[PDB]
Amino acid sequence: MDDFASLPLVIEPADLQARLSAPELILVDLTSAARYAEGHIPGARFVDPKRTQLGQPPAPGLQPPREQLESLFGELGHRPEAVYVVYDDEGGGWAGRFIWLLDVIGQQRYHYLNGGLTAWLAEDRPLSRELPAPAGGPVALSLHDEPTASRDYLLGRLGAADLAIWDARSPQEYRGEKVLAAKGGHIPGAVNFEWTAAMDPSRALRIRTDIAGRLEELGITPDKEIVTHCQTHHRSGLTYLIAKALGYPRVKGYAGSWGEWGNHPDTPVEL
């Protein structure tokens, strides 16, 4: 992991600024076309958040098709020595989802910029309006199912002693007060910790430093397999990332999420 190998998964703006010219760095911005054009971290390559999603029924939060991933990753310059640093401007949902995609393509070396652009801007760090050159054509990817829980896999695990389901939606969605599918409620046995509750707004949307204790209060502990989800596996990108960042050995993103679970005929719902 060359220049980044000594760092933990979640790095600070200072760590990234010192390493902006590292040749192995693939810096990925998942803010927005407007934010990226207004000014991005120097050398950052834009990945519109919509491109991280299949975006088609019945489960739009699934990973994009092979063709789209192969093109995307060739555009970013995916290569053997690459080290990805990922950020967004919303506290890490899209960044964390992109890191789940990095696990899907088997990429081992990557970091999350704590607080993303929010923290970068809060510290008045340099911005660029320049475009890096896309590396090239599509790369042939090896796609992995390990990082992702399927609907059927999750159905078979429900109620297991060794499972925690981290529902990253708002509490109103978790309790079925705010219903965005045929069925309202949550997956049986799941616990709720909204993605934004994991951020610290007083520290530019970095991950709260007391996160471990808060996850432990909900029984989300590293000795359990953690399956996390929201409506489309956007918000649960952050929560997936946090579990990985804390060193939890068994973490899956339930990509279908509530857009699938709340609408599928087979899935039990609990209020």
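Note that residue numbering begins at 1 and tracks the sequence as displayed.
Original post:
Comparing 129 to 137 with 70 to 78, where is the mean C-alpha B-factor higher?
Top reply: Per the deposited B-factors, the answer is 129 to 137.
Subject >> Residue stretch of maximal mean CA temperature factor, 190 to 198 vs 119 to 127 >> reply: Higher of the two, by average CA B-factor, is 119 to 127.
Original post:
Going by the entry, which of 147, 159, 96, 171 has the most elevated CA B factor?
Top reply: Highest C-alpha B-factor among the listed residues goes to 159.
Original post:
Going by the entry, which third of its chain does the Cα temperature factor of residue 59 land in?
Top reply: CA B-factor rank for residue 59: highest third.
Original post:
Lowest, middle or highest third of the chain for the C-alpha temperature factor of residue 104?
Top reply: Its C-alpha B-factor, which the entry lists for residue 104, ranks in the lowest third among residues of this chain.
Original post:
Based on the entry's values, in what third of the chain does the Cα temperature factor of residue 259 lie: lowest, middle or highest?
Top reply: Within its chain, residue 259 is a middle-third residue by C-alpha B-factor, going by the deposited values.
Subject >> Chain thirds of CA B-factor: placement of residue 237 >> reply: Bottom third by C-alpha B-factor.
Original post:
Once the chain's modelled residues are ordered by C-alpha B factor and cut into thirds, is residue 219 in the lowest, middle or highest one?
Top reply: It belongs to the lowest third of the chain when residues are ordered by C-alpha B-factor.
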